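Just one chain follows, in the form deposited in one PDB entry, and it is written as C-alpha cells.
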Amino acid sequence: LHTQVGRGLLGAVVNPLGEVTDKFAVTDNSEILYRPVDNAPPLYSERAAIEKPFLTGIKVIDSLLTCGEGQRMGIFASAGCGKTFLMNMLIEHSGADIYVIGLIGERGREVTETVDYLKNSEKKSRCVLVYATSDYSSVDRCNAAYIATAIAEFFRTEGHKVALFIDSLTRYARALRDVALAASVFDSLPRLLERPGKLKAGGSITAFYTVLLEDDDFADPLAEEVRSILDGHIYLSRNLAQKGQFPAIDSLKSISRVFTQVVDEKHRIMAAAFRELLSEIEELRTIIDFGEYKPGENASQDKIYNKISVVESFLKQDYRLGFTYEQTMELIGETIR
C-alpha cells in the first residue's frame, strides 16, 4: 500500500517491495518519506494544459513528433528494434530534472543492463530504477509500475520536471491479467496511465510507455487500446532497423497529438513540408522497386531522388549525440530547401 519516496532514492534500484536493493549512484540527500502507492489521478481542474515542448535531443522526435511536458507517449516496437537504445537516448539527451524508470521485464540480465547503463550515465545522480523480473509474482510486477509512478508523483509535487518510463506496458498488462484471474485488462490500466501530466500547483510527469509488438508490427488488442488512451505514439519499424536506420522511427506512422500546441507556426510549416518530402520519397521507393524509375525522364522524380541522402542523414542519429532544438530546426531547414 505504501512505498518510500524522496530525494534519498536518487541513485537507487528499488525492488517490487519498495526496498533499495542496489545503487548506481550515491547522492548528498538522505530524504526518505512514505506516500501511498495507490494515488488518485489528478482532478481535471488541477491539470494544466500541455503547452511547453519536452525536448528530447532526438532530431526526428523534436522536429516531427514534438513531445510536451505532461504528455503520455507510447513507444511501439518488436524485439530487436532498438527499443532499449531509444530509451537510453531519451534519458541521455532530454532535459528533465528527474528520471524514474520502471522495468516490468523478465530476466535479471535486462535489469543489470539498465543498471550498468545508469552507472555510466551522466544523468546518474537524477535517476531512480524500479524493477520486477520474471521470478517475481504477478502482484509484484504490477506493484512495480505503481511504485515507479508514486515515486514520480512525489517529485512532481515538489515541483520537478519528471520523465517516467514504464517498460513494458505489455508485461504489466499480462501480470495484471493473472491478478484478476485470482479474483483495459480489468480495466485498471487507464487508472495507471492517467496519473502523469503537468499540474497547475506543481511540476510535471512526462511518461513513456513501451508496448511490445509481434511479427510485422502487428498491433494486437493490447496495442490498439493503449494507442487510443495516450496523447501520441512513437513506432519503431523492424524494416527500418534492418536497413541500418537508427533510431528506427517511422515518422509517417508516428504522431504526437499535442504537436500543434507545443510548437510555433514556422516549426509547423517546416514539419509539414518535411512530412510531404517523406511521403514523396516513399512514393519514389516503390516506383524504383517496380523498375519504373529511369533518370532524366521526370524532373520532379529526379529532384526527389537527390533528396534521399539529405533526408536519411537527418533522420539517423548516433545514440551518443544529442541535438538542441535550434540545431534541429536548422538541420530540418537545410533538408527541405
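From 1 onward, residues are counted along the sequence shown.
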**Message:** Does at least a third of the other compared PDB entries (those resolving both flanking residues) leave residue 285 without coordinates?
**Reply:** yes
**Asked** Among the other compared PDB entries, is residue 218 dropped in a third or more?
**Response** yes
**Request:** Take the C-alpha B-factors listed in the entry for 119 to 127 and for 159 to 167, compute each mean, and give the stretch with the larger one.
**Result:** 119 to 127
**Asked** For the stretches 13 to 21 and 323 to 331, which has the higher mean C-alpha B-factor as given in the deposited record?
**Response** 13 to 21
**Message:** According to the Cα B-factor stored in this entry, which of the following is highest: 99, 208, 218, 154?
**Reply:** 218
**Fill in**
One of 95, 232, 105, 196 has the largest Cα B-factor in the entry, namely 105
**Item:** residue 247 by Cα B-factor - lowest, middle or highest third of the modelled chain
**Value:** middle
**Complete:** For residue 136, the third of its chain by CA B-factor is the highest
**Asked** Among the modelled residues of its chain, does the C-alpha B-factor of residue 78 lie in the lowest, middle or highest third?
**Response** highest
**Request:** Within this chain's modelled residues, let me know which third the CA B factor of residue 184 belongs to: lowest, middle or highest.
**Result:** highest
**Message:** How does the C-alpha B factor of residue 172 compare with the rest of the chain: lowest, middle or highest third?
**Reply:** middle
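This protein has a second form, the form solved in complex with a small molecule, left out of what is shown; the following refers to that one.
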**Asked** Heavy atom to heavy atom, is residue 110 within 4.5 Å of the small molecule in the deposited bound form?
**Response** yes
**the small molecule contact in the deposited bound form: residue 103, any heavy atom under 4.5 Å** = no
**Prompt:** Would residue 317 count as a contact of the small molecule in the deposited bound form, using a 4.5 angstroms cut-off between non-hydrogen atoms?
**Reply:** yes
**Prompt:** Contact between residue 186 and the small molecule in the deposited bound form at 4.5 Å, heavy atoms?
**Reply:** no
**Request:** Give a yes or no on whether each residue among 20, 131 and 136 has a heavy atom within 4.5 Å of the small molecule in the deposited bound form.
**Result:** no
**Request:** Name the stretch: of 244 to 252, 156 to 164, 140 to 148, 260 to 268, exactly one has residues whose heavy atoms fall within 4.5 Å of the small molecule in the deposited bound form.
**Result:** 244 to 252
**The unique member of 127, 234, 81, 211 whose heavy atoms fall within 4.5 Å of the small molecule in the deposited bound form** = 81
**Prompt:** Which one of 240, 89, 230, 192 is close to the small molecule in the deposited bound form, taking close to mean a heavy atom within 4.5 Å?
**Reply:** 89
